[PDB]
Amino acid sequence: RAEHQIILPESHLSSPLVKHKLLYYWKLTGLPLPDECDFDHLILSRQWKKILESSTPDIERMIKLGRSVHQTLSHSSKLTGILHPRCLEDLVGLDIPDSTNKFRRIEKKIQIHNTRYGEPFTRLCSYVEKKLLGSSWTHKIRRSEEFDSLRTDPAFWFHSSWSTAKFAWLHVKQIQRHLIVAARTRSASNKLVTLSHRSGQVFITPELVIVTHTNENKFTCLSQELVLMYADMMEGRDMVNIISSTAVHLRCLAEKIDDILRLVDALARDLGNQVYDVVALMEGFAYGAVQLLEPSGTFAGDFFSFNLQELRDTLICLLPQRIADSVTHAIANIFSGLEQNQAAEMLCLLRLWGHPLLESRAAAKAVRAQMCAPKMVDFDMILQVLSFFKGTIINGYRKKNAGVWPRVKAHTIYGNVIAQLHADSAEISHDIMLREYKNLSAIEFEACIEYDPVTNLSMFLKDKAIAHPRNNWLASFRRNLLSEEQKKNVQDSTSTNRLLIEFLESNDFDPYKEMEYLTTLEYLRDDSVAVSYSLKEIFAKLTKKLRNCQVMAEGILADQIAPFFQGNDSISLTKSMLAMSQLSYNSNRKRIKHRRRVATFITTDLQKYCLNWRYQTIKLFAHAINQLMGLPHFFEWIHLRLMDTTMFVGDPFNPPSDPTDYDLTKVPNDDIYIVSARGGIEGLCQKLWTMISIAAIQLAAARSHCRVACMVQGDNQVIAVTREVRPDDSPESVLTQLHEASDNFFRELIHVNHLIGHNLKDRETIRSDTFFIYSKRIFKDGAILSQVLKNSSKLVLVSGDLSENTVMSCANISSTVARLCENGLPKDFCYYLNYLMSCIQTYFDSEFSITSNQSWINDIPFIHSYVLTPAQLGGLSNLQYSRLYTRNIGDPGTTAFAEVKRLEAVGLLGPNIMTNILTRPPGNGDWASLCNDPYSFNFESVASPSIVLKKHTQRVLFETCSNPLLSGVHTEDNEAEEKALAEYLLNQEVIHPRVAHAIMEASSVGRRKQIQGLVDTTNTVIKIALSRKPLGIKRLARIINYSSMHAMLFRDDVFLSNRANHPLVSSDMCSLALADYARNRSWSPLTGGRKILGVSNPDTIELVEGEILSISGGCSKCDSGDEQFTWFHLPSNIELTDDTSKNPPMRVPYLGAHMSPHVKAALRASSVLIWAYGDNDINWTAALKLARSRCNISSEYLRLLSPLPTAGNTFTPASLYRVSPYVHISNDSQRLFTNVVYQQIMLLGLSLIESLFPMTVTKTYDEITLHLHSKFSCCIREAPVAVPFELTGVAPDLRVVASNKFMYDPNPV
Amino acid sequence: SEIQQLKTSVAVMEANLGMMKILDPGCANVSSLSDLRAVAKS
Amino acid sequence: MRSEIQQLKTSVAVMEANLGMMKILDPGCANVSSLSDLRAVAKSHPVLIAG
Amino acid sequence: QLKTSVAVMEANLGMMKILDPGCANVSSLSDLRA
Amino acid sequence: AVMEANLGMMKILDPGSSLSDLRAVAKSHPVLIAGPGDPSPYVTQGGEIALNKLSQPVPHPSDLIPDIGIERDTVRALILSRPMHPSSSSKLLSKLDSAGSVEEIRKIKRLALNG
């Protein structure tokens, strides 16, 4: 069949490693188990004499596999059954010569790719660098030796250490995925592939892979997602080897990494599964080697010595003492001698041995030891934290509501100090919060906050699992493994147990009646509530009503109460964190009362944070928020429910080991159970806990008499303790005051967390004068510290599971290579690296496929010109050369034609391809396709499989939507309204796709698209919606054959064509003339000859013609009559190391109401519609009829509320910031772009500045000045004449329901 | 006066005894919209 | 004056009777609570004690 | 009056610790509801 | 006055290492049972409760109760990784293998971090 080739097996590890799945399939064959599984609690208790008589195919494959494996081993010795991770070192050296010779066929073609095209890549990179840096820098344009090592050794992926095992495990992985796909079909094919490696064999089935070593007479068994873990770690550590041995500032790491890998492999043979207690310390050794480089003598080598002592203490319990000493010495010599970036690069050693095998019993023991423990918290410290909690609430409400306190009960205002602040409504200071805490903690509020239960609506549309209730909890496990009276307590489940689908189908959903599950205490009478815990190393599974109330409570806190505490989001988190390490000592030392403030940093992680909160600690805080909302009982629900319920760690292969467990209220506080838990669950009730943590941090600040800038997202807290000094104050005094302030604050933070029941350590928390740690990135002296090797470990070779998609795989390669280029790599190296890895990708999909292409896969110029042509035009390349310098904001079509023009000029891409793109036959095309996706060409293309499956599940899930919230989302004529609106907006005298995209996005049509795009279409949701409604025959053949159709469409349209009807424009014109010609020709069957305009933007590299000035100054452009440029200056003699006594001042570089949002969207549509087409009565009638779909305003309130007509139609940093915080920007002599274009020029200039200094450079020596001249460009055009007119025709009806708060606003504004 | 300070020192006693009472999970039907002196005096 | 002193004495007399009923721990563990206090309390609508 | 109030303060407010005797043993949920 | 007639102190021994200083610095508190359960495994004959580092009562208080390899490896890491003149770094590495105690390694650690 063909339905089974849609949702493929996963090619990468997305799940934990359950031990008893592996041991189920191990026991199901007749092989001996490992010797640490002789007294196992689940294996010795199941009734295997009935399981093995099921005669399912899943058991017959295992029995035939055991007769295959047992026949090859011998009876002269003992067959051993070594379990992961005790077989890391043997599977590390796995060497199948049948996969080596199958990857050498790819290597043989990549070497021809280099020897035919490597010299035009050199010509391209030198061309673009000579254009952007001028011909006065032309004695400094050499290719980097990263690029030259990539140019002499094309098979970097094939000739490293770890490459043979990478070949072997990728071939084993693709064979097993093919066998799973074949085993979906009910057939009788031989589902057993036997490979032969160096001294042994490999047996592959859809469930197990068995590796047998015949001289040692041993074997190991690996489950479905354990061969994925081995394949992932092999290509990860291989790519880490490649990048660390090519890059010059990383070559000392490479040997170290091999050492630190192989040593720990040798530990895994006799530590076993506890070797991941060693691996977990490796992160610490990367944080302590940064703290070796302190400016003072304090803090240096404290966390390093702590982790070295912890490593000795974990080793001496399992190893002999001598081997523990020698291994500790080896770990100490690996992480010593590193730079500031090379120490942060060793954070790649985390996922590089993979993951342990998990079980439910040990996880449940680890949870019971801390969540069922007794606690004793201090009442007076709860009063102090509650004082700062309520004072922060009062000050935040005062700031939000224009100087008014919350509605406080008048008889609860004690003393004369708070009673005086109440009359003035004055902002309460932290010193009054500490002094008057007995009077401020005892204050009560009244209902003065109008909340909203359903606000986000994306949190109710998540694919979260729902636990089926506690009379059916034995449906959590696989029915094959239950006992005979445990099978009688399992019922059928009509539900899907997903939050999304059971939210859509739940009619009579009233949020204010769903909150009565908690305010009326009916969640606590309810004897169907079950909580299920999950295997991990952050997630639980609640029932339907309780999950609804948890989502509501989180939304209400994050919407109303949480911004009172400021939470202390991508550019604004590299401006609040990059400016937070500007306060460090080494950031302002040339500058060095109350004049200049400095800070020293404390990154703390609390021991077992979420499951040490008790009801006795959180009750008064929840009480305060309940009084402030008007709720009798809302925000303390989790502790009261978990005290009264029993929960279990749920896993389908981990049943209860006692076969007589039927009722949860009668199982002991034992095997998988946590009976009457007293702590909290992670993620649940997170906002309240973050607010209590902020209140404790500000309390510790006030109790130690200092100011503090914190940032806390749960157990990860970062505090900058601050101290204000003089410019003429000595540096020794500044360091002494910072050390005393950090000591006093850290003691008070220890003290106020110990008394409310929490532990942050004296030694595990990293205190530092220099760096802090946020989102696992190290921020150090106003700079982000590099992580190229982490991104190298994810440079992998299959992406996604929805088909055999090569375009999305090459797109993931391009995004990872761009992220490598952001962490500081040569541009030419990353560009030619993406070419070579995309060729590896496109040859790995003709071979090694688990599911025609014989004509074009042996065509080397086709594969070249197909991986190098941009994806906007039909090729595979999602990395233009301009993406190496800056972000892709701008027009994708002009950047596409600009890259094609550069590649044609330097000799890479042929002359035929340009004229064949220009003479390309047009596609189907709609007005709706031009409105929904502007910047787009009407070329014949195949739709992406992920877009098709996502859109199919969004259309299928909303067919059975029935709740009163979001009732008008799925209408029967939304596509007719979409076509009518797009034909009204676009089919005018002047065609504007971008303003029509803005109008339709601001109307109710785009609101329906925006609501339907919020649903979580994961693989399980797509399987459900394809079971409820099949996909078809034409669309499904386009899903399965997507890559072959995409490649043959490139081959037919633009690679192999005659095109005797030669176009008007030639290949030498500007790229926006080219993109305008391609749009005006491609949309010509739809449009009819009119000019699609208002779309194109210039490419930033093609626009400017840069120049670096000489020593005397003066540019060859401004000597030739040029005045339009941006000016970039870098001061001389800048240190990039710790000696920052003579650096120039560092600053943050350049990076980039009171109404309902329905009225905002309506007024935005009004502003865009009047700005773009004209300002008279017909345009205002159309603007009224479009704004009337989202709100209930009249005609006269449009004209006095619409904004003025304008052009408005760290997780991943933009770069490292080493020499860009010193550059000075003057956009003064350029007056044409004073807008998006000058943003592009400024970002291109900063990337060209920081491109001049590789990571091997720590000192500048001269002054650098750029003039980005853009006057004598072919791509300069004056803005046209905006000609107003009347919109012919009438606007569509755009019907709307009035009951939706999510699509409509009935209040007359 | 000292009596006016004893009033506001005696009042936070009941406001803290009501706090100690509502920390008990057996006081889970005490609605939050209630005076803590009144919870203490009951 | 004297009336406020009488109300202070009466309020402290209420406080000593309230501290006589709380479950203060002593060696011997006489006044403990079970998990059935919450179960008997949750069977009704949450009550208002204010005044 | 000034002495018994501070005697209630020192043993009521400043010195008061709050015990949650969590069920760190092996017993079922219906055994804890007894 | 009449205050100690009802509130029984319980002699809490927070470690804010032997049993003597735990008994010596141990303030007495009136602890108040709020949660359900039995607190009897955590008190001791004499009325004393020992708390953990997480403010957890412990069953018996004795749960609450150098090296040269680590101290030489860390000072090698400080000499190797900090900026230092290469003759002086080799001189500090020269008189470090000749050490024989925890003392005179600390002299090099305060000799390396101070220059």
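Protein chains in written order, with this note's numbering: chain E, 1176 to 2484; chain P, -16 to 25; chain G, 7 to 57; chain F, -10 to 23; chain X, 970 to 1084. All C-beta atoms in this analysis are idealised placements derived from N, C-alpha and C, irrespective of residue type, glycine included.
Minimum Cβ-Cβ distance from residue i to chain E less than 8 Å
i	result
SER14 of chain P	yes
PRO1052 of chain X	yes
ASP1066 of chain X	no
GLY1069 of chain X	no
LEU1047 of chain X	yes
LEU1062 of chain X	no
Backbone CA spacing between residue i and residue j [nearest angstrom]
i	j	result
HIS1245 of chain E	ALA1441 of chain E	28 Å
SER2259 of chain E	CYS1427 of chain E	59 Å
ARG1359 of chain E	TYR1405 of chain E	24 Å
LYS(-10) of chain P	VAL1000 of chain X	27 Å
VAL1384 of chain E	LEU2224 of chain E	39 Å
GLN1014 of chain X	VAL15 of chain F	24 Å
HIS2167 of chain E	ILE2345 of chain E	13 Å
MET1983 of chain E	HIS2399 of chain E	39 Å
Chain G contact for residue i (CB, 8 Å cutoff)
i	result
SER1480 of chain E	no
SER1851 of chain E	yes
Residue-level contact to chain X via CB, residue i, 8 Å cutoff
i	result
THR1503 of chain E	yes
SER1917 of chain E	no
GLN1559 of chain E	no
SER1511 of chain E	yes
Check: residue i C-beta below 7 Å from any heavy atom of the ligand NAP
i	result
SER1990 of chain E	What this structure holds is no ligand at all, so the ligand NAP is not there to describe.
CB contact below 8 Å: residue i versus chain F
i	result
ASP1845 of chain E	yes
Task: Residues, ordered as in the chain, of the segment 1679 to 1712 of chain E that lie near chain G by beta-carbon distance below 8 Å - done: From the segment 1679 to 1712 of chain E, only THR1694, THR1695, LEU1696, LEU1699, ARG1700 have a Cβ closer than 8 Å to chain G.
- [ ] Note down, in chain order, all residues in the segment 9 to 28 of chain G with a beta-carbon under 9 Å from any beta-carbon belonging to chain F.
- [x] Residues of the segment 9 to 28 of chain G whose Cβ lies closer than 9 Å to any Cβ of chain F, in chain order: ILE11, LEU14, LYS15, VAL18, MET21, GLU22, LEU25.
Open item on the list: Output needed in chain order: residues of the segment 1021 to 1036 of chain X with a Cβ under 7 Å from some Cβ in chain E.
Closed with: If you check each beta-carbon in the segment 1021 to 1036 of chain X against every beta-carbon of chain E, the ones closer than 7 Å belong to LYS1022, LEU1023, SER1024, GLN1025, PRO1026.
TODO: Would you list, in chain order, the members of the segment 988 to 1016 of chain X that have their beta-carbon closer than 8 Å to a beta-carbon of chain P?
DONE: The residues in question are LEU1001, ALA1003, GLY1004, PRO1005.
- [ ] Name, going along the chain, the residues of the segment 1811 to 1843 of chain E whose beta-carbon falls closer than 8 Å to a beta-carbon of chain G.
- [x] Residues of the segment 1811 to 1843 of chain E with a Cβ closer than 8 Å to any Cβ of chain G, in chain order: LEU1815, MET1818, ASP1819.
Open item on the list: Check whether the segment 1836 to 1847 of chain E and the segment 1659 to 1677 of chain E are in contact - that is, three or more C-beta pairs closer than 8 Å.
Closed with: Two segments are said to touch when three or more pairs of C-beta atoms, one from each, lie closer than 8 Å; by this definition the segment 1836 to 1847 of chain E touches the segment 1659 to 1677 of chain E.
TODO: Give a yes or no on contact between the segment 1581 to 1595 of chain E and the segment 1540 to 1559 of chain E, applying the rule of three or more CB pairs nearer than 8 Å.
DONE: The segment 1581 to 1595 of chain E, when compared against the segment 1540 to 1559 of chain E, does not touch it at the 8 Å Cβ threshold.
Open item on the list: Any C-beta of chain F within less than 9 Å: which residues of the segment 1526 to 1555 of chain E qualify?
Closed with: Within the segment 1526 to 1555 of chain E, those residues whose Cβ lies closer than 9 Å to any Cβ of chain F are, in chain order, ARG1543, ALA1544, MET1546, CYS1547, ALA1548, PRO1549, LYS1550, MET1551, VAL1552, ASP1553, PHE1554, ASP1555.
Task: contact_flag[the segment 2143 to 2163 of chain E, the segment 2113 to 2129 of chain E] where n(CB pairs < 8 Å) is 3 or more - done: For the pair of segments examined, the segment 2143 to 2163 of chain E was found not to touch the segment 2113 to 2129 of chain E: the number of CB pairs separated by less than 8 Å stays below three.
- [ ] Report the residue ranges of all alpha helix (DSSP H) runs contained in full by the segment 1932 to 1990 of chain E; include only those spanning at least 4 residues, in chain order.
- [x] Within the segment 1932 to 1990 of chain E, the complete alpha helix (DSSP H) runs of at least 4 residues are 1963 to 1967.
- [ ] Assess, as a yes-or-no matter, whether the segment 2363 to 2381 of chain E is touched by the segment 2328 to 2340 of chain E under the definition of 3 or more beta carbon pairs within less than 8 Å.
- [x] Verdict: yes, contact present.
TODO: Identify every run of the beta strand (DSSP E) within the segment 995 to 1030 of chain X, keeping only runs that are complete inside it and at least 3 residues long; order them along the chain.
DONE: Segments of the beta strand (DSSP E) lying fully in the segment 995 to 1030 of chain X: there are none.
Open item on the list: Three Cβ pairs or more, each shorter than 8 Å: is that satisfied between the segment 2414 to 2423 of chain E and the segment 2271 to 2284 of chain E?
Closed with: In short, these stretches touch, since the Cβ pair count reaches three.
- [ ] With 8 Å as the limit, tell me which residues of the segment 1784 to 1798 of chain E have their beta carbon closer than that to any beta carbon of chain F; keep them in chain order.
- [x] Within the segment 1784 to 1798 of chain E, the residues whose Cβ lies closer than 8 Å to some Cβ of chain F are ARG1789, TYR1790, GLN1791, listed in chain order.
Task: the segment 1600 to 1613 of chain E in contact with the segment 1780 to 1787 of chain E per 3-pair CB rule at 8 Å - done: At 8 Å Cβ cutoff, the stretches do not touch.
Task: Entirely enclosed alpha helix (DSSP H) segments - the segment 1993 to 2028 of chain E, minimum 4 residues - done: The segment 1993 to 2028 of chain E contains these whole alpha helix (DSSP H) runs: 2002 to 2019.
- [ ] Return the chain-ordered ranges of every alpha helix (DSSP H) run that is complete within the segment 2317 to 2373 of chain E and spans a minimum of 4 residues.
- [x] With a minimum length of 4 residues, the continuous alpha helix (DSSP H) runs that stay inside the segment 2317 to 2373 of chain E are 2332 to 2348, 2352 to 2362.
Task: Under 9 Å (Cβ pairs) to chain G, residues found in the segment 1561 to 1586 of chain E - done: If the cut-off is 9 Å between Cβ atoms, the segment 1561 to 1586 of chain E has nothing near chain G.
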